[PDB]
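Residue numbers (UniProt numbering), protein chains in the order written: chain A, 1 to 119; chain B, 1 to 80; chain C, 2 to 177; chain D, 1 to 48; chain E, 1 to 136. Cβ coordinates follow ideal geometry from the N, Cα and C atoms, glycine included.
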Amino acid sequence: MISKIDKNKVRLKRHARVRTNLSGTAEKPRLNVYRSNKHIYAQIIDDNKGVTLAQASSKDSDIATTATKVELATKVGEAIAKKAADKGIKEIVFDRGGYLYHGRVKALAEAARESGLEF
Amino acid sequence: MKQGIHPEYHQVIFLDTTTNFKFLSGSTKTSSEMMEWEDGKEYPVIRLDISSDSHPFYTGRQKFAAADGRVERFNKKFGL
Amino acid sequence: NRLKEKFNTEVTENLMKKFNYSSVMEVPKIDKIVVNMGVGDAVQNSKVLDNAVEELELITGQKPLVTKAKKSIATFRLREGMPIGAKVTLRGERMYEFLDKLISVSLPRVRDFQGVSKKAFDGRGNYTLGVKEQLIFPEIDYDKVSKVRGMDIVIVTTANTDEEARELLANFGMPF
Amino acid sequence: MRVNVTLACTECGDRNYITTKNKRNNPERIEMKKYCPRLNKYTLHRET
Amino acid sequence: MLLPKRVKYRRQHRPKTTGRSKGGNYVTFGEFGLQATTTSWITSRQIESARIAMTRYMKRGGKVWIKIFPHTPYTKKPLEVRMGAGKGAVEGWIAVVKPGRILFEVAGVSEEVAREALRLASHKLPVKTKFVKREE
RNA sequence: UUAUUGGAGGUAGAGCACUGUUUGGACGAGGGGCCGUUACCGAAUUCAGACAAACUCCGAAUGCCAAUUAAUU
RNA sequence: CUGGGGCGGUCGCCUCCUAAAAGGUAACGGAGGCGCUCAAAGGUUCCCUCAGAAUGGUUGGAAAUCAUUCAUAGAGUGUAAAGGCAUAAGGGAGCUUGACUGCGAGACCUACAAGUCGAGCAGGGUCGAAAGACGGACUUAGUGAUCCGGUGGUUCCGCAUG
RNA sequence: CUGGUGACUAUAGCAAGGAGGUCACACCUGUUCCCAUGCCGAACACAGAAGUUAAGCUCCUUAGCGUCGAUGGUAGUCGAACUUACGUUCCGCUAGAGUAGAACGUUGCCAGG
RNA sequence: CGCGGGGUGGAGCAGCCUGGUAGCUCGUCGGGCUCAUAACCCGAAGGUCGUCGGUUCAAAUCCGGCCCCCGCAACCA
RNA sequence: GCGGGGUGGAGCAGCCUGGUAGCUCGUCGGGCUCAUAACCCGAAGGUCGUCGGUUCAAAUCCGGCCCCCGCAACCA
RNA sequence: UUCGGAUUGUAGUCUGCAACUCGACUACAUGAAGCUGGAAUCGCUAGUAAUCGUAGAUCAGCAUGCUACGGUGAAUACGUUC
RNA sequence: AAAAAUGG
Ligand SMILES: [K+]
Ligand SMILES: [Mg+2]
Ligand SMILES: [Mg+2]
Ligand SMILES: [Mg+2]
Ligand SMILES: [Mg+2]
Ligand SMILES: [Mg+2]
Ligand SMILES: [Mg+2]
Ligand SMILES: [Mg+2]
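Rendered as C-alpha cells:
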C-alpha cells in the first residue's frame, strides 16, 4: 500500500523555506503565486502589515475563459500588474510560492514584467 | 523516457507453438518472422515452447497417474 | 495493453463485488514493479555487475539504475559507495507488459515449476517474487549468459491487505 | 592542500594572488579566473 | 561487593554531604526498613558487612533489598608522598547517605525478627539508624 | 546606593526526557537440554525505586548589564 | 617551573569541567585535541531528508542490494570538545572561482605588540528569472616578532651631471 | 462558510470515531508541446476533464498520549543574629516534582459564497 | 646547496664507456648420477633494466624532469 | 619513577606503515632400516598476555589490569 | 565427453525352503571419483613381458581369487666398476 | 682419494 504524497504540503515546505529569505515591504511588496490543478491565483502582499493590495485569479469572471493554463497564467499576470499599477506599485519581489519557476509560474511572472511591474 | 539510453523495444506476438496460442506484448527479441495480427499491422513473432495455456501446472492436466500404494503394487505384481 | 484491459473490465468488477467497495477508487491496482538484482560479487569482479546490468536491461526494456553500497561492511569486504546492485522501476504500460509476460511466457519456463509462494506478501499488500535464474525470461539466450543469477520482483500494489493483494494477483493470473 | 601556490596573471604576468594546493591531487599548474587590478578585469591566472 | 561495572570518570570530586536526603526516604519494597538519621559515606565493604549480618540472622526466610548503591569512586594517594603531582588512584566506592534515607529493607519475616536483623546490620554501619515500617 | 521596569545566563535545588550509573518485580522475539513448555531468556518491552564536576525535560536566591527612569548621596 | 633541589613531568595554541546561572578566575587539579585538510569538502541556484527497527524477497547470512510501514532525530555535520544546525549549517545535481581589488562607520578583546567581528561605499565579477547571495569552509585550534637574505613588481631615490 | 496568505511559546499537536463534494482542492486521463527521471511522465512539467469522494484536504466529537497549569506546602537562597554543630533562628525571595484545573486553537488582510 | 656514483629476474654482480642483442654466480622446477645423500653435468621458467618524458630505423645504453641511497664538500634570518 | 617486551610446544620475526600471522627446532602420519637415530614426503598446531576504545576492519593504533626485563632510587 | 560405470529408484530372471542382515544375472532410468598418480616400490631375458579371451576344482546358487588353455606378440642385454 | 652412528 504505497502512500501518495500531498503535493500542496511538499510545496508549502518549499515555500516556507523560500519565505525565510523573501518578504514583501510596503515599498516593494511581495507578489505571491498559488497554483492548483486548474487555476492560478496571484496576490500582492505587504508583510509588514500583512495586508493584500491587489489580487487576480484565473477563476475570476474577468479572466475566466477557455484557454490553456499557461495562457490563463499570462492573463492573470497582466491583470495583477494592471491592478498594482492602478494602486501605485512598481517595485515588487516575486514569490514563486514554492513552485518551480517555469511553465505557468514563469508565464505569470513574465506577463507581469511585460505589463510593467519592476522586479 | 530519455533518448538513446534504453534498448530497442517494440511490440511482438508471443506464439506458443504447442497450442498455436498467440498473444501480443512488448519485447526486445526482434524475431524476423512476421505473422498478421487481428489488427492489420504485422509484428515480429516469438516462438514459444510452453506458455500459460500449455503448462501442466497452469492447466491442471495430470500427465501421469499418481504412484500406487504398497498394498496396490503388491496385489498387482503378485496377482492376488 | 491486454492485461490492463482485463484489469479495467473483469478484475475491477470481480474485486469490487468481492470486497464491497463503495467507490471504484478503492479498487486496488498494481502501483509499480521494481526488479532488483543484488550483485555482491561485483566487489571481486565488476564485469559481473556489467553483465548483470546488461541482462536486466534486456529483460526489462529500460536502463537500470546501479545501486551502490550505503555503508561499508568488513566481512563482505564492502566499501561505502561501491556499486553492488541494479534496479529497474516499471510503471504503466511497460509494467503491465512485463507482468503479463512474467505470468505467461516466463514463469512456466521455471524448471520444475510448481507455482509461486502464496505467503510472500510483506503484510501490507505488496508481493515479492524471487526468481532463481535469469534464463527464465524469453529475451535471454543461454549461450551469452556467462553466469546464472536471480532477481527480486517487487509488485507494489495499492491494496491495504494481503487478502486484497492476493485476489488482485490471482485475478491477473498468478499461480499459487 | 599542502604547498603554497602563486597565481600570476597570464596577460600581464603580475603575481596577484597566493593560495594553496595539494600536489598529489593537482600536480599540474592550476589555473583559474581572478581579478587583475592592473588591467581592471578578470583574467586567467596560473600557478608559477 | 557493589561497584559500577564502569563509569565515565574514575576521578571525581567528592560529593556534598550537607543537607537532607534527596530521595528514597520511604520503605517501598519490603515491610520494614533501616532509616539513616546521620550523614556519612557508606562503603561497599560496610554495605556487604551489614547485608551478611541481617541475612544470616534472617536465615534465608525473608527478602532483603539494598536501597543504596556505591556509585562514587574516591581516590587516595600512595603512602608517604608529598602534596601535588596529580590526583591519586581509585581506592574504593561509596554511597552518600544523609538523614532520612532508607538503607535496607526486609520482608517476609516477623517484626521482631526484622528488628533484630536490622539492629545487627546497623551496628556495622557508620551512621545512626532507626527501625521504620511502611507508612499509611 | 536604593526603588521600579526590561534583559543575558543554567549555578543551588530538583528531575530522569538525553548520555552514563543502578535495585527489585512482571513478561519474554526467539531460539536451545525437554516433550511442545520448570536453564540462558543473554534481547526488547514494562512497573516501581535510586545516582552524576565534565547528565538536563526543568530551574531559583543572588550577582550582572541597562533605562530621555525617581529618591538620597 | 617545581609543596627544598636533583631525577621524572611540563613550556605555544584549541575545547570542556573545576568556575560559585554576566565576564574573568589558580594548583605538578579532572579529561581530550592542534602544528592540518578540501580545487571541493569553496560561491550560487534548484532539489532532497536521516539513523534504526519490523515484515516480505535469490545468490544474501544478524548485517550488502530491493519494497512497504513505523521511525523527531538517537543520523550527519573533514578533524577534539562544546555550542549550534532537520526552514538545515546535513545530502544530490548544474553552472562557476567572492578561497576578489581598494577599503571601512562602528564594536569586541586587550598592559604593549597583537587578536576578533563588522554594516556600508567604489571597481570589476559568479550564480540566479528576480529579490538577492558571495571578501572561503557550522563556529571556535592548524601558528612565530624584528634583523638579515632571496624572488617578482614599481608614473620613488640615485652623493658634480647622465 | 470556502479558499489564499500572515501573526501567535502545541491551550494550536497526535490518536480514535464520524460527515462532506456540479462551485472550488484533490485524486484522476494522457505524454503532442515547454520541461523531467543517475531507470521510471512515480516525481517535476505540460495538455485535459471520462470517473471518484476511496485517500489527501476541510469540518464535527473526545481528554487515551503530547501540550499548558495554579493555590497551598516543601527544597534552595540574599540579608541579619547565634554558632562550629554534615548547624540553629528570624525576615524577604521562592522552585522542581506533584495536585486541582485549562485545552481537540485564537486571530489580521484579500477574493469568492 | 655543489659535485660524483648507485637503482637490472627471488638474492648478489656485468652489459652503460662506444645504440641494436638483456649476460654471470647463487636460488626454484625437471632430467642424468648414486645403496641412497652431497657434489657434479644438462634442460626450463624466471627482471623488460627506479619512474615519466624527449631525439632516433633502433634506447638498460643517448638527453631532460622526477623518487630514493651513499661519499666528500658548502651553509652568520 | 622511566623505559622495553608478552605471538602454535621452545626460541625468534611480523607492529614502525591497519585488510597479508613467517622461520628454525619440536609434535603427528607415510616412507627408508632387522630395529633406533639421521634422512625424505605430507600434515596439524597461536581467538597474537587479558580487559575497554577508535575503525567498515585491530598482532598492528590508543587507554587500563597482569607478568617479565633493563635502568634509576641522589644531598644531608 | 557418445570416456568411466560406482551409487541409487523402478521392473524382472534363476538357484535354493528361504536372497532383509547376506547371492548372481537382465531391462529402463540416474551417471560419483577419476585428465596417468609424491616419497617410495615390484615383475620380467622369447613365444617371455604386455594384451585378448577360453575351461576346470570347490559348488543347489555365487569368482575381479586359484589352477590350466591357447590368439596377437614386443624392447633390450655394451658389459660386471657399482 | 666425500660422509654414512648405534644395538641389555
Ligand atoms: K552504628
Ligand atoms: Mg545538585
Ligand atoms: Mg614540603
Ligand atoms: Mg561565568
Ligand atoms: Mg638578530
Ligand atoms: Mg652621477
Ligand atoms: Mg625410524
Ligand atoms: Mg650387543
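Checklist entry - Is the CB of residue 12 of chain C under 8 Å away from at least one CB in chain A? => result no
Checklist entry - For residue 82 of chain E, is the beta carbon positioned less than 7 Å from some heavy atom of ligand 3? => result yes
Checklist entry - Does residue 60 of chain B come within less than 8 Å of chain C when only Cβ atoms are used? => result no
Next on the checklist: For the alpha helix (DSSP H) containing residue 52 of chain C, name the first residue and the last one.
Outcome noted: 47-61
Checklist entry - Which residues share a DSSP beta bridge with residue 35 of chain B? => result B:43
Checklist entry - Quick check: the region 54-63 of chain C against the region 122-142 of chain C, are there 3 or more CB pairs under 8 Å? => result yes
Checklist entry - In the region 19-31 of chain B, which residues sit with their C-beta less than 9 Å from some C-beta in chain C, listed in chain order? => result 23, 24, 25, 26, 27, 28 and 29
Checklist entry - In whole angstroms, what is the alpha-carbon distance linking residue 18 of chain A and residue 115 of chain A? => result Taking the straight line joining both Cα atoms gives about 25 Å.
Checklist entry - Count the other CB atoms within 10 Å of the CB of residue 84 of chain A; is the residue buried (16 or more) or exposed (fewer)? => result buried
Item to check | Host beta strand (DSSP E) of residue 11 of chain B (start-end) | outcome: 10-16
Item to check | Buried versus exposed, by CB contacts within 10 Å (16 or more), residue 15 of chain D | outcome: exposed
Checklist entry - Which bits of chain B does residue 115 of chain C rub up against, with CB to CB less than 8 Å? => result 57
Next on the checklist: Is there a Cβ of chain C sitting closer than 8 Å to that of residue 15 of chain B, yes or no?
Outcome noted: no
Checklist entry - Does ligand 1 have even one heavy atom less than 7 Å from the beta-carbon of residue 98 of chain E? => result no
Item to check | Distance between beta carbons of residue 55 of chain C and residue 70 of chain C, contact taken as under 8 Å | outcome: Wrong, their Cβ atoms sit about 21 Å apart, outside the cutoff.
Next on the checklist: Using a Cβ-Cβ cutoff of less than 7 Å, which residues in the same chain neighbour residue 28 of chain C once the five nearest sequence positions on both sides are dropped?
Outcome noted: Cβ within range, chain order: 13, 16, 17 and 22.
Item to check | Helix, strand or coil at residue 3 of chain B [DSSP, three-state] | outcome: coil
Checklist entry - Which one or two residues does DSSP pair with residue 32 of chain D in a beta bridge? => result D:45
Checklist entry - Is the region 28-45 of chain D close to the region 7-17 of chain E, with three or more CB pairs under 8 Å? => result no
Item to check | Contacts of residue 35 of chain B in chain C (Cβ-Cβ under 9 Å) | outcome: Against chain C, a Cβ distance below 9 Å from residue 35 of chain B picks out nothing, because the smallest value is about 16 Å.
Checklist entry - Could you check where the alpha helix (DSSP H) with residue 71 of chain B kicks off and where it finishes? => result For residue 71 of chain B, the enclosing alpha helix (DSSP H) begins and ends at 70-78.
Next on the checklist: When you measure from the CB of residue 132 of chain E to every non-hydrogen atom of ligand 1, does any distance come out below 7 Å?
Outcome noted: no
Item to check | Opening and closing residue of the beta strand (DSSP E) in which residue 136 of chain E lies | outcome: Here residue 136 of chain E belongs to no beta strand (DSSP E), and DSSP marks it neither H nor E.
Checklist entry - What do you reckon, is the C-beta of residue 128 of chain E under 7 Å from a heavy atom of ligand 1? => result Residue 128 of chain E Cβ: within cutoff of ligand 1.
Item to check | Alpha-carbon spacing of residue 41 of chain A relative to residue 33 of chain A, whole angstroms | outcome: 6 Å
Checklist entry - By DSSP, does residue 40 of chain E sit in helix, in strand, or in coil? => result strand
Checklist entry - If we ignore side chains and look at the alpha-carbon of each, how far apart do residue 132 of chain A and residue 26 of chain B end up? => result Past the boundaries of the shown model lies residue 132 of chain A; chain A is included only from 1 to 119, so the question cannot be answered.
Item to check | Boundaries of the alpha helix (DSSP H) in which residue 115 of chain A is found, first to last residue | outcome: Run containing residue 115 of chain A: 103-115, per the alpha helix (DSSP H) assignment.
Checklist entry - Closest Cβ-Cβ distance between residue 44 of chain B and chain C: below 8 Å? => result no
Next on the checklist: Going by DSSP, what residue range makes up the beta strand (DSSP E) through residue 41 of chain C?
Outcome noted: Here residue 41 of chain C belongs to no beta strand (DSSP E), and DSSP marks it neither H nor E.
Next on the checklist: 8 Å is my cut-off, CB to CB: does residue 135 of chain C come that close to chain B?
Outcome noted: no
Checklist entry - With respect to 7 Å, is the separation between the Cβ of residue 34 of chain E and the closest non-hydrogen atom of ligand 1 below this value? => result For residue 34 of chain E, the CB stays at least 7 Å from every heavy atom of ligand 1.
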